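> Just need the structure, nothing else, for what follows:
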Amino acid sequence: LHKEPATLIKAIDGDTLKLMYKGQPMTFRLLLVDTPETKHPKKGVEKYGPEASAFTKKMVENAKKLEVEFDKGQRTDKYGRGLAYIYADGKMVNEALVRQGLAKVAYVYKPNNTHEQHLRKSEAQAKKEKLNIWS
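Numbers count the residues shown, from 1 in each chain. Take a look:
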């Protein structure tokens, strides 16, 4: 796996970003994590949804550098969203959310599961610490 640069256009939700990648504007979905949603009329603003969204937003907006890292499987989902691990100043946004109890590890689709065990370890720790959704 390798990292490539991207530029923030817009943070949309806890787990969805609009980036400029290879000169094109693109929506990215964070791989392997589910954050509570702010969107949807069919749900509403779920609990911690707003918190997860502010966390993702500040972490990507305050970064000097953003990088995207595709996994080994498909790189877009059926909605045309890029599927990637996102890094802000070298720190993985997907892991940060999980480590804070602001996201669960998603149902996983091989072969797009390279950082699966890393994330599940951060998730067991946030659980252990009873943070946010594990409160």
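
> Extract the CA atoms of the helix or strand containing residue 122 and return them as CSV.
Taking DSSP states H and E as the criterion, residue 122 maps to helix 116-128. This file holds the C-alpha atoms of helix 116-128, laid out as CSV (Å, rounded to 0.1, in the frame of the first residue of the first chain):
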residue,chain,number,x,y,z
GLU,A,116,-8.5,-4.4,10.2
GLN,A,117,-6.6,-5.8,13.2
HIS,A,118,-5.0,-2.5,14.0
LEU,A,119,-8.4,-0.8,14.1
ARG,A,120,-10.0,-3.6,16.1
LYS,A,121,-7.3,-3.2,18.7
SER,A,122,-8.0,0.5,19.0
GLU,A,123,-11.6,-0.3,19.3
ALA,A,124,-11.1,-2.8,22.1
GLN,A,125,-9.2,-0.1,24.0
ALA,A,126,-11.8,2.6,23.6
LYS,A,127,-14.3,0.0,24.8
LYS,A,128,-12.1,-0.8,27.7
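
> what residue lies at the spatial centre of the protein?
residue 30 (3.3 Å; CA atoms, centre = their mean).

> list the buried ones in the helix holding residue 122?
Buried residues in helix 116-128, counted by 16 or more other CB atoms under 10 Å: 116, 118-119, 122-123, 126. Just so you know, the C-beta spots here come from the backbone N, C-alpha and C atoms, and that holds for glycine as well.

> Which two of those have the greatest separation?
Using CB to CB, these span at most 15.8 Å, a distance reached by 116 and 126.

> Wasn't residue 98 part of a helix?
Yes: looking at residue 98 with DSSP: H, G, I helix; E, B strand; the rest coil, it is inside a helix.

> measure it to residue 68 for me?
From residue 98 across to residue 68, the span is 18 Å (CB to CB, to the nearest Å).

> same question, residue 33
15 Å.

> ditto for residue 93
10 Å.

> Check the contact lists of these two and give me the overlap.
Common contacts of residue 93 and residue 68 (CB atoms under 8 Å, 6 or more residues apart in numbering): 85-87.
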